[PDB]
C-alpha cells in the first residue's frame, strides 16, 4: 500500500523543452522526445503501465515512436512496467549487466530481498557499459554506473539538443542492508563509495531522480504550473543528493562497525 501511494497518478507535464514527466507521484518516468524517436527512462510498477502509456498519449506522442527504454535498477518500482511498455513500444531496452540478469529473473534472487518482490521478466536488448553513449535526434544518453543500492544501479546523463545537461539519478539508499562482509554483495561498500565520487563530479542543469521526493517533484511542478519556466533547473540538486545520501550511509556504516 506504500507502492499504492507511490503510484498515485499525476497529470503529465513538461520539465523542459523535450523533457516530459509521465510517471506517478513518487515513481519517476521521463520521456525524452526527438524528431527521430523518443527515449523513456524507467517505467514504474506493472500496475501503472497503462497509466504511463496513457500519459504519453495525453501529451501528443505515440508509443510506437519510443525507440529506447532505459532502466535505473531492476526492482519492481522501476522495472515492473517495462515488459508491457516494451511490448506496446517495439522499443529496445537498455540496462547494465546486473540489471539485465535480474530483469530476466523477474526481480527474483535479489541480493537483499530474495524472491519477495517479483515482476514480469524482461529481455534486455542492449547491454549498457559504464560511460556508453547512445545518440538520437540530437540528444545524447550516457550511462553512469552508480552501484550500491543494487549491483547494477545505473544513473543516466542526458545532453539535450539545446546543450543543457540532465542527470537522472538512481537511488543510493541502503535501509536494512548488511554492509560489512555482505555474503550476497561483497563489494557493496566500495561500490557505493565510488558511486558518490562519480555523481559528485558530475555537473548538471536539470536534476532528476527515480523517486520524486528526492528532487522536489511536486514543489517544482506546482511552481512551473504557476509560470516559473525554469523551476526544474537545479544546479545544486545532485551535490545535495549525494551529500545527504553519503551522510546517512556513513552514519549507518559507523553504527554497524561499532558492535
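Numbering follows the first chain given and starts at 1.
- When the mean C-alpha temperature factors of 147-155 and 110-118 are read from the deposited coordinates, 110-118 comes out higher.
- Higher average CA B factor: 3-11, of the stretches 3-11 and 249-257.
- When the CA B factors of the chain's modelled residues are split into thirds, the value for residue 94 lands in the lowest one.
- The entry lists a Cα temperature factor for residue 200 that places it in the highest third of the chain's modelled residues.
- Sorting the modelled residues of the chain by their CA temperature factor places residue 218 in the highest third.
- Annotation for residue 60: C-alpha temperature factor in the lowest third relative to the rest of the modelled chain, per the entry.
- Annotation for residue 126: C-alpha temperature factor in the middle third relative to the rest of the modelled chain, per the entry.
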